[PDB]
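Report on the following structure.
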Amino acid sequence: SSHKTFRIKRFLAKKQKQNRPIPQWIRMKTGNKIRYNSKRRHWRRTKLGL
Amino acid sequence: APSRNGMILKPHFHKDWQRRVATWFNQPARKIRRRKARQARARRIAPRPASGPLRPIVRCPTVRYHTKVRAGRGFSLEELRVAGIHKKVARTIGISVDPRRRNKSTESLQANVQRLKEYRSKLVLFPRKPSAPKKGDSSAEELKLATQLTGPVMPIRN
Amino acid sequence: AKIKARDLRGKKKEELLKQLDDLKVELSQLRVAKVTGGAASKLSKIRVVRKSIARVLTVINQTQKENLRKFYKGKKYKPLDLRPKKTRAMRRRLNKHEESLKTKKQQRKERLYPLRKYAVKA
Amino acid sequence: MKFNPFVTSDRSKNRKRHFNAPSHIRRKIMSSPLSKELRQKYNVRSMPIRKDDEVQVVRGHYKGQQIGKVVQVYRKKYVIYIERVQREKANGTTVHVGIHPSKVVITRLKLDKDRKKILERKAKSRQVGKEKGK
Amino acid sequence: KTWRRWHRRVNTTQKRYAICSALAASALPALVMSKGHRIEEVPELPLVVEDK
Amino acid sequence: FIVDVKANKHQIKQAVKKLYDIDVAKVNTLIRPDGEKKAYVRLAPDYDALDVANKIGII
Amino acid sequence: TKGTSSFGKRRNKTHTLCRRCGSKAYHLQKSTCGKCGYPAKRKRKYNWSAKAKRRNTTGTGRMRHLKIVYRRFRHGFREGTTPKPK
Amino acid sequence: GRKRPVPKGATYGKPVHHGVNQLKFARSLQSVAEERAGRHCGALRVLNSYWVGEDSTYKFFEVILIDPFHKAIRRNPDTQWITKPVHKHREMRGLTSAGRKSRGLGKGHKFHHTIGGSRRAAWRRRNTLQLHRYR
RNA sequence: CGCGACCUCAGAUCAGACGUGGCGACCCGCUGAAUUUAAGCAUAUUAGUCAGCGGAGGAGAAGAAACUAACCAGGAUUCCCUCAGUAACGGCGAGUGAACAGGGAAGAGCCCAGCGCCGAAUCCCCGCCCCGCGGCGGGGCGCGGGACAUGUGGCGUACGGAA
RNA sequence: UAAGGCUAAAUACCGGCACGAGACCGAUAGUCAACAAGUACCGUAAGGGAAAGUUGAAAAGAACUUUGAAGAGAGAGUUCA
RNA sequence: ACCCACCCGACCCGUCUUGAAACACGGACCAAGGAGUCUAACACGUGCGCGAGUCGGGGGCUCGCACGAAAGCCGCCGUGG
RNA sequence: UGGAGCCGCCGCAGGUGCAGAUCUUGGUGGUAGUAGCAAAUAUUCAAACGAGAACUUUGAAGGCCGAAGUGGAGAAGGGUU
RNA sequence: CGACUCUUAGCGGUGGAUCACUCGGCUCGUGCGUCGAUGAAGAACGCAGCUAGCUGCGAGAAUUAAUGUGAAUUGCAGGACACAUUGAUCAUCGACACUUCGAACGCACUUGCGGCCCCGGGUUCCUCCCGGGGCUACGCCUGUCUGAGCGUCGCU
Ligand SMILES: [Mg+2]
Ligand SMILES: [Mg+2]
Ligand SMILES: [Mg+2]
Ligand SMILES: [Mg+2]
Ligand SMILES: [Mg+2]
Ligand SMILES: [Mg+2]
Ligand SMILES: [Mg+2]
Ligand SMILES: [Mg+2]
Ligand SMILES: [Mg+2]
Ligand SMILES: [Mg+2]
Ligand SMILES: [Mg+2]
Ligand SMILES: [Mg+2]
Ligand SMILES: [Mg+2]
Ligand SMILES: [Mg+2]
Ligand SMILES: [Mg+2]
Ligand SMILES: [Mg+2]
Ligand SMILES: [Mg+2]
Ligand SMILES: [Mg+2]
Ligand SMILES: [Mg+2]
Ligand SMILES: [Mg+2]
Ligand SMILES: [Mg+2]
Ligand SMILES: [Mg+2]
Ligand SMILES: [Mg+2]
Ligand SMILES: [Mg+2]
Ligand SMILES: [Mg+2]
Ligand SMILES: [Mg+2]
Ligand SMILES: [Mg+2]
Ligand SMILES: [Mg+2]
Ligand SMILES: [Mg+2]
Ligand SMILES: [Mg+2]
Ligand SMILES: [Mg+2]
Ligand SMILES: [Mg+2]
Ligand SMILES: [Mg+2]
Ligand SMILES: [Mg+2]
Ligand SMILES: [Mg+2]
Ligand SMILES: [Mg+2]
Ligand SMILES: [Mg+2]
Ligand SMILES: [Mg+2]
Ligand SMILES: [Mg+2]
Ligand SMILES: [Mg+2]
Ligand SMILES: [Zn+2]
């Protein structure tokens, strides 16, 4: 909005940190079932806890 | 709809009864638990009868049962008074005492005095300390039995 | 290289602080070095220094709190920290002496009419 | 049979217990027999295998009478890597092939103090049981 | 449901009758052999032994 | 710098002065959309920033 | 107009993040939640939503105090002692 | 008494339940009195109450309360039963002399409902299909 | 126009304590439907059941007869088997529906007020010492405070009790 | 013998911690959920609520040569396959 | 039993219906899933045991149950039905 | 073909046999390379990059929005665009 | 023969039935039966050398101490350590620690405003200013201090 509270800004920050894709060294771990992050949120489609 | 002959019968399954069905898959597990707990209690009350205290003889009520005789709840005060056992003490030697029992007829009374007398004969009161004062029995009747009595103590047989 | 709990226990209070400071300094430089590449060889230390820092701080708090409960062991009113936490309800049980207070009437009863060890059939 | 009513004998329970076992417990699981030679000497059937014991592989492809030194113990993978027990990958690089500890025999132990005290404890219990049986 | 009538209760004499019937045919080599038991070389069929 | 989010400019100023034996003209904080309070710290003109920068490691 | 054109003017919000329960259900005008009833001293739970009941029972979260209490109890609520040292 | 809290009348339902005016609470006023004294002084543990008068509009009562954690109560053995945590909120559970009376329990033929612990418990006993193993 | 008792009331970030929310399978107190059945429906039934509110404990509640009975009488409470789909209720329709006895599981009984006697013989908190201190206790010593005669403590409570 | 009070035990336990078992289900079953599930996702909100197990004994997961911008191939190789 | 030919025969199933190839409804195709269950009470029939009796519950005695939460026994054998 | 368990007989037990339920979940056709990719006047030439240009970029021309703008800035909403 | 169409079979696709597995459920049982102002449950935000999710933890943040164990952890790095030494790694968990909301407590929910005591820079108690620390919810009980009343008395 460009007029944020601090509460909201911090919320957004964490959401922004969560988006990154898996580190590829994770795929090489021993008992690995994970191939892709599957919790990736694109701003244009799917619109936050808000 | 009824079809040709049968008891015009009323079942009581109109409330939500399946919400309150009470199964019995416990029961074996229960039966054991009681039994362990029973054997533990014996072992705790070491030479004392497993039974409990001694209990009076007593006739049932009503015309129906009338003829039979059970164990009652506890010996009346008159019965203790006549036997000559102080009521407060009688509890301490394993004699059941209720005090709410009347005593109408003298046939039921003298029988129940006789019971207590007999009990007091065949009772083995241990002394408080290993050093032996009055009342406490001989070390003969002590070594020869610190034995529990299995089953109800002096059982009533109609 | 290794900072152990072992040795720190005996050390003087001012000496423990200098050591913490000197680790806090060493942590800073590695954090600086993590930004500017640095080297894997440096970026190990950062974990090590962190835990040695904790090892120091821990020893200090253990020493401060041991001394503290020496100081109150005897006094009736003592800080909530130093009072023994068991479980809310368990800190409202009866006192351990208060729940074995017999009434004189009950004591007299136990004196006059004690349960006796007895057996039957002899 | 097993009569102790607190053990399990339940496939799912035993396997879950196994695969989700914690390192120190895996140490015990990853044990391996001594050579008849040592079996005679120490009075011990078997021992928890360790980083640099000397060892024969008894079964499989690498089954052989050579005595390779242990290389590492991958307790996550329930496996040990052994000196010349290896295989050339596509691009020439050697790769330490896993052998399960139980399909191996310890010819030479790596004796430290603690390993020494372990062997003293196991031998003593064995001889107590023989004395009880006699 | 749990309260399916799982357990099944049998008259006591009948239970005994069965147990007598089984005993009686633990004799009879034919009935023992037919039940599969290789009892070819056994010395006597109601096989009773010393009490050591 | 990156700074702890709870900090005042007063605290930062005091920290920067304490750690690097330095002295500050002014601190000028913001918050990154990421969460880490950044701090631009103008040093007083007796001091050169590139000189301290070389001291602390960065360049 | 009742539909698509009117979805156009959903410019402003009813609820925000409640600060007890965390849900985006704190109604700004009412200044209550409607999830935990925030200002309300006691938590909101209803016996009709058994699914809702389960979504934030105890187990659900960290149980950071409660999980070490269970351990403490197990071994016997011993306090202020150590194991025999080396 | 107790008028039925429903808007206007509008106890929508079968005209058995249409009543709103002439109907009467289960507990007594004296119990309500205790319950309120109990509510207010949470630490305090309601022992018992008595009556001190009545206007048309009000009744008056006097609820005896006790600190369970005052040493003079704690250390006196004959009272220290109230300091036990089963006796938290007696009045709320229907356990003072007053709130006992609504429960409808006494020995003898004039009761039977409440021939387990309480009213609810007897119903519970009487409406359990005991379903035995062997049947 | 004071000073002093008490009574009833305030205020303290006064000293020291407690209560608040949670969980809710089981438990205690309230509150309380309507689908439904009756081949319609209004009493009835569904049901003192769901939802609603309150309060607990490891269990809760109950409990030591203002009881049963009508016998040659039983003798607190709880639980099981039975009583019994019985006595009874009911548009006497649908439907609903206990108890005593009897046999078991268990088993344990007690305390006040009052009435009286006893120099309040009682209690709480201070402070100093010795022990003990991770369930704040013992013992001693203080003209150190207060509660209390508008009644604390010992004896005693119907099974009688006191002298 | 009412209008004051306390009391263990046999009794209850679809919540909790910790175990044991099964003539049960065997991935459209069995819990909504064998998996990063009360997750993703939807709804202003109360609330709603999925799908989804399996290379091989071992990764030995295809070096190298060649066609193509590449994805893709053709040979070669690994594997008992 | 695969295909083809020819002669004769031969309307599409399910269903409700007096009457369906119907201008009556359901049905594009394939896979997996998918509906007379369990408890209680009654009645009659049949099988077995005992028989003017019969009965087993409930309880108890015998075990840490591996198989047992079985099996066995009870002046409780009959309070009681 | 597959690669690790499975069946006959005598008894017992059941969540035991599908074509239909505008049945449930998953998959696949014919329809079909069909309908369709038509609101708001407009494109053209050369070059660059590049494997590759109707669509990128640069230059040149021709056009439109025509300051109640297809321009220049905010509010709310989005949340890194 | 030609194309197309239909049928059957071979092989290949599509699709994921079947079968075989099962660190999951479902049911029955046993024992125990423990949350919270000493701050619960729940929520938030943080914390890894490379880590997004799940988990684990709390600015001592994939954990500190202690005790038991006795060489690993391992996707890669890097390292440590002398694994003849309190000693890697797991387990236990009694010591220590435990950010912010939350019954939730200085008052407010902006993360805004405060008061009162002490400490360091600031002063040289000059109050300011900055930083740190400790207090500052409501209700209620036992006492304590200060009181109020043409409430009931006494003496003056
Ligand atoms: Mg959008
Ligand atoms: Mg008995
Ligand atoms: Mg007394
Ligand atoms: Mg009605
Ligand atoms: Mg009355
Ligand atoms: Mg509460
Ligand atoms: Mg009707
Ligand atoms: Mg009808
Ligand atoms: Mg109608
Ligand atoms: Mg009714
Ligand atoms: Mg309810
Ligand atoms: Mg109770
Ligand atoms: Mg009474
Ligand atoms: Mg009775
Ligand atoms: Mg009958
Ligand atoms: Mg009724
Ligand atoms: Mg008196
Ligand atoms: Mg009571
Ligand atoms: Mg699946
Ligand atoms: Mg599947
Ligand atoms: Mg499923
Ligand atoms: Mg499958
Ligand atoms: Mg597959
Ligand atoms: Mg499959
Ligand atoms: Mg194959
Ligand atoms: Mg019809
Ligand atoms: Mg017709
Ligand atoms: Mg037809
Ligand atoms: Mg026609
Ligand atoms: Mg039709
Ligand atoms: Mg159709
Ligand atoms: Mg099928
Ligand atoms: Mg018949
Ligand atoms: Mg296989
Ligand atoms: Mg089945
Ligand atoms: Mg089908
Ligand atoms: Mg076209
Ligand atoms: Mg712009
Ligand atoms: Mg073909
Ligand atoms: Mg599938
Ligand atoms: Zn909320």
Restricting to region G:45-59, count the residues that are among the hydrophobic types (A, V, I, L, M, F, W, C) and either part of a loop (DSSP other than H, G, I, E, B) or near RNA strand M (Cβ under 10 Å from one of its atoms) (or both). 1
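Can you tell me which of A:20, A:45, A:27 is more than 10 Å from every other protein chain (Cβ to nearest Cβ) and within 10 Å of the chain's Cα centre (by Cα)?
Details: A:45 fails: within 10 Å of the chain's Cα centre (by Cα); A:27 fails: within 10 Å of the chain's Cα centre (by Cα).
Every option except A:20 fails the conditions.
Here's the yes/no breakdown for (1) surrounded by fewer than 11 Cβ atoms within 10 Å (Cβ to Cβ); (2) in a loop (DSSP other than H, G, I, E, B); (3) within 6 Å of RNA strand M (Cβ to nearest atom):
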{"position": "A:10", "(1), (2), (3)": "no, no, yes"}
{"position": "A:22", "(1), (2), (3)": "no, yes, yes"}
{"position": "A:30", "(1), (2), (3)": "yes, yes, yes"}
{"position": "A:40", "(1), (2), (3)": "no, yes, no"}
Among residues of region D:75-134 being surrounded by fewer than 12 Cβ atoms within 10 Å (Cβ to Cβ) and among the β-branched types (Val, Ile, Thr), the residue farthest from residue D:32 (Cα to Cα) is D:93
Counting only residues that are surrounded by fewer than 11 Cβ atoms within 10 Å (Cβ to Cβ) and farther than 26 Å from residue G:73 by Cβ, which one in region C:74-107 is farthest from RNA strand M (Cβ to nearest atom)? C:105
Enumeration of residues in region F:18-38 that are surrounded by 15 or more Cβ atoms within 10 Å (Cβ to Cβ), assigned to a strand (DSSP E or B) and either among the hydroxyl-bearing types (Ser, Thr, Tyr) or away from chain A (no Cβ under 14 Å) (or both): F:24, F:27, F:29
Report yes if some residue within region H:83-98 is surrounded by 12 or more Cβ atoms within 10 Å (Cβ to Cβ), within 14 Å of chain E (Cβ to nearest Cβ) and either among the small types (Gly, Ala, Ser) or within 30 Å of residue B:16 (Cβ to Cβ) (or both); otherwise report no. no
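Quick check: is even one residue across region C:62-79 among the β-branched types (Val, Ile, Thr), part of a helix (DSSP H, G or I) and closer than 28 Å to residue F:58 by Cβ? Talk me through it step by step, then tell me what you get.
Residues of region C:62-79 among the β-branched types (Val, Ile, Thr): C:63.
Within this subset, residues satisfying the condition of being part of a helix (DSSP H, G or I) are C:63.
With the extra rule that they be closer than 28 Å to residue F:58 by Cβ, the set shrinks to none.
No, there is no match, as no residue in region C:62-79 is among the β-branched types (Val, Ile, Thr), part of a helix (DSSP H, G or I) and closer than 28 Å to residue F:58 by Cβ.
For residues in region B:104-158 being assigned to a loop (DSSP other than H, G, I, E, B) and among the small types (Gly, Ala, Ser), which is nearest to ligand 1 (Cβ to nearest atom)? Explain how you work it out, then say what you get.
From region B:104-158, those assigned to a loop (DSSP other than H, G, I, E, B) are B:104-105, B:122, B:126-139, B:144-158; that's our starting set.
The next check asks that each one be among the small types (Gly, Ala, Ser); those that pass are B:105, B:131-132, B:136, B:138-139, B:146, B:151.
On the way: B:105: 99, B:131: 98, B:132: 100, B:136: 97, B:138: 103, B:139: 100, B:146: 91, B:151: 86 Å.
Among them, the one singled out is B:151.
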Of (1) outside any loop (DSSP other than H, G, I, E, B); (2) closer than 30 Å to residue C:88 by Cβ; (3) hydrophobic (A, V, I, L, M, F, W, C), residue H:46 fails just (1)
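Being closer than 11 Å to residue H:45 by Cα and either more than 14 Å from every other protein chain (Cβ to nearest Cβ) or surrounded by fewer than 16 Cβ atoms within 10 Å (Cβ to Cβ) (or both) is the filter here, so list the residues in region H:61-80 that pass it. Quick ask: steps written out before the conclusion?
Our first condition is that a residue be closer than 11 Å to residue H:45 by Cα; within region H:61-80, this holds for H:63-69.
Passing the criteria: H:63, H:64, H:65, H:66, H:67, H:69.
So that you can scan it fast, the table gives a plain yes or no per residue for (1) within 14 Å of chain H (Cβ to nearest Cβ); (2) in contact (Cβ under 8 Å) with a residue 60 or more places away in the chain; (3) closer than 30 Å to residue B:26 by Cβ; (4) among the hydroxyl-bearing types (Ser, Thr, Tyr):
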{"position": "E:10", "(1), (2), (3), (4)": "yes, no, yes, no"}
{"position": "E:16", "(1), (2), (3), (4)": "no, no, yes, no"}
{"position": "E:21", "(1), (2), (3), (4)": "no, no, no, yes"}
{"position": "E:29", "(1), (2), (3), (4)": "no, no, no, no"}
{"position": "E:47", "(1), (2), (3), (4)": "no, no, no, no"}
Out of E:27, E:18, sole residue that is over 30 Å from residue B:19 (Cα atoms) and within 16 Å of RNA strand J (Cβ to nearest atom): E:18
Which residue is farthest from the other protein chains (Cβ to nearest Cβ), if the candidates are limited to region B:35-58 and must be in contact (Cβ under 8 Å) with a residue 24 or more places away in the chain and outside any loop (DSSP other than H, G, I, E, B)? B:58
Which residue pairs have Cβ atoms under 7 Å apart, sit 6 or more places apart or on different chains, and have a first residue in region F:39-59 that is within 11 Å of another protein chain (Cβ to nearest Cβ) and a second that is in a helix (DSSP H, G or I)? F:56/C:32; F:57/C:29; F:57/C:32; F:57/C:33; F:58/C:32; F:59/F:53
Options B:6, B:84, B:94; residue that is touching a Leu at 6+ places or on another chain (Cβ under 8 Å) and without any contact (Cβ under 8 Å) to a residue 60 or more places away in the chain: B:94
Checking C:118, C:77, C:113 in turn, the sole residue that is touching a strand residue (DSSP E or B) at 6+ places or on another chain (Cβ under 7 Å) and aromatic (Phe, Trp, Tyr) turns out to be C:118
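Right, residue E:1: among the basic types (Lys, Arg) and away from chain H (no Cβ under 14 Å) or not?
Working: among the basic types (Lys, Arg): yes; away from chain H (no Cβ under 14 Å): no.
No.
In region C:1-17, what count of residues is obtained for those that are in a helix (DSSP H, G or I) and surrounded by fewer than 12 Cβ atoms within 10 Å (Cβ to Cβ)?
Keep residues of region C:1-17 that are in a helix (DSSP H, G or I), which gives C:5-8, C:13-17.
Now drop any that are not surrounded by fewer than 12 Cβ atoms within 10 Å (Cβ to Cβ), which leaves C:5-7, C:13-15.
Total satisfying the criteria: 6.
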Counted residues in region C:108-122 being loosely packed, with under 13 Cβ neighbours inside 10 Å, in a loop (DSSP other than H, G, I, E, B) and either more than 14 Å from chain B (Cβ to nearest Cβ) or among the basic types (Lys, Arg) (or both) come to 0
Do the conditions hold for residue G:81, that is, is it part of a loop (DSSP other than H, G, I, E, B), within 14 Å of chain C (Cβ to nearest Cβ) and either in contact with a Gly (Cβ under 7 Å, 6 or more places away or on another chain) or on the phi < 0 side of the Ramachandran plot (or both)? yes
Would you check which residues across region B:3-30 are surrounded by 10 or more Cβ atoms within 10 Å (Cβ to Cβ) and either within 11 Å of RNA strand K (Cβ to nearest atom) or over 22 Å from residue E:5 (Cβ atoms) (or both) and list them? B:17, B:18, B:21, B:23, B:24, B:25, B:26, B:27, B:28, B:30
For residue G:5, all conditions in the list (1) within 30 Å of residue C:85 (Cβ to Cβ); (2) of a type outside the set (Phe, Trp, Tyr); (3) more than 16 Å from ligand 41 (Cβ to nearest atom) hold save one; what is the number of the exception? (1)
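Residues are listed down the side, and each one gets a yes or a no for (1) of a type in the set (A, V, I, L, M, F, W, C); (2) farther than 27 Å from residue B:43 by Cβ; (3) facing another protein chain (nearest Cβ under 10 Å):
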{"site": "B:82", "(1), (2), (3)": "yes, yes, no"}
{"site": "B:89", "(1), (2), (3)": "yes, no, yes"}
{"site": "B:93", "(1), (2), (3)": "yes, no, yes"}
{"site": "B:126", "(1), (2), (3)": "yes, no, yes"}
{"site": "B:133", "(1), (2), (3)": "no, yes, no"}
{"site": "B:136", "(1), (2), (3)": "no, no, yes"}
{"site": "B:140", "(1), (2), (3)": "yes, no, yes"}
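Given the criterion free of Cβ contacts under 8 Å to residues at least 40 places away in the same chain and over 30 Å from residue C:1 (Cα atoms), identify the matching residue among C:33, C:40, C:119. Explain how you work it out, then say what you get.
On the way: C:33 fails: over 30 Å from residue C:1 (Cα atoms); C:40 fails: over 30 Å from residue C:1 (Cα atoms).
Residue meeting the stated conditions: C:119.
Cβ: placed from backbone, ideal geometry, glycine included. Neighbour counts: every protein chain shown. Rule-based calculations on the coordinates, nothing more; no lab input.
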